[PDB]
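Let's start with one chain on its own, the form deposited in one PDB entry, as structure tokens.
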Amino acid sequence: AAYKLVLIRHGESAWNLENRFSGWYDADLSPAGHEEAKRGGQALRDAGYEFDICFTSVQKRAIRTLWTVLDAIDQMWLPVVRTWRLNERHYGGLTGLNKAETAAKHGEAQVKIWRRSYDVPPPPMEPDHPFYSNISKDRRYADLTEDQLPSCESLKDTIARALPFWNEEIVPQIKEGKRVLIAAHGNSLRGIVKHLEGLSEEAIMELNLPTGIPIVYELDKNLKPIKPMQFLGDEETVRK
């Protein structure tokens, strides 16, 4: 191949379990989520994968997935770059609610609309929201401009703030021939996948990336995939 690139969605989180919308809430991995990451790492190790640089978000579910993979592959010494721009989509006022609470309050017609829409954002997270201070006042976002700090995001917004990091920080590493590992989130990784494969808005919203499973890309000199993405793992986890 011309360039090798590996992507991985964080393993299952404690809130994925509860079916609670996390978004920018910094939920940790569940024990099952940790094992997923560990197994993904062992799959990367059995295949003899080597990286030169790692990108991740500022969210511990992604960072811990990266740590567990680096540990399994004996590459804890690699440089690791964190950015809010790889964060999960900001779910606004839905943050902290489970799916029952969401349906109860908004009705399933509205949930379906949000679910199937590329560019309609959920309600904004406002100053009386239970997680407002927890997220908006977190010092990790202190350097964001007023315009950059979302009160909510559509998938399109998420992708819009994710791609500039890909373009400016990841692409140059790849073109240098550095072997890149990105440990992040379903929606931030969709931005990358959509961009690589030129997927439609409809198709990307159908793309469901599984937690803790390494995704492998082989790109041409124009960073276009030469073949479709491939999942790494034992034959079972791969099939499913």
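Between two forms, the rigid core is the largest collection of C-alphas that superpose within 1.5 Å. Residues that one form lacks are left out of the comparison. Residue numbers here begin at 1 and follow the sequence given.
Just so you know, the form deposited in another entry exists too; it's not on screen, but the next bit is about it.
When the two forms are superposed on their rigid core between this form and the one not shown, the C-alpha shift of 2 Å or more among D74, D138, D143, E126 belongs solely to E126. Comparing the forms between this form and the one not shown, the C-alpha position of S154 differs by less than 2 angstroms, with the core used for superposition. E168 is not among the residues whose C-alpha shifts by 2 Å or more between this form and the one not shown once the rigid core is aligned; its shift stays under 2 Å. Shown in the overlay between this form and the one not shown, fitted on the rigid core, is a CA shift at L97 smaller than 2 Å. The pair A162 and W15 is looser in that other deposited form: their Cα-Cα distance rises by no less than 3 Å compared with this form.
Distance between the C-alpha atoms of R61 and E18: shorter by at least 3 Å in that other deposited form than in the displayed form. Here is what shifts between this form and the one not shown when you lay the two on the core: runs of at least 3 residues, every Cα off by 2 Å or more, at 15 to 19, 103 to 113, 126 to 128.
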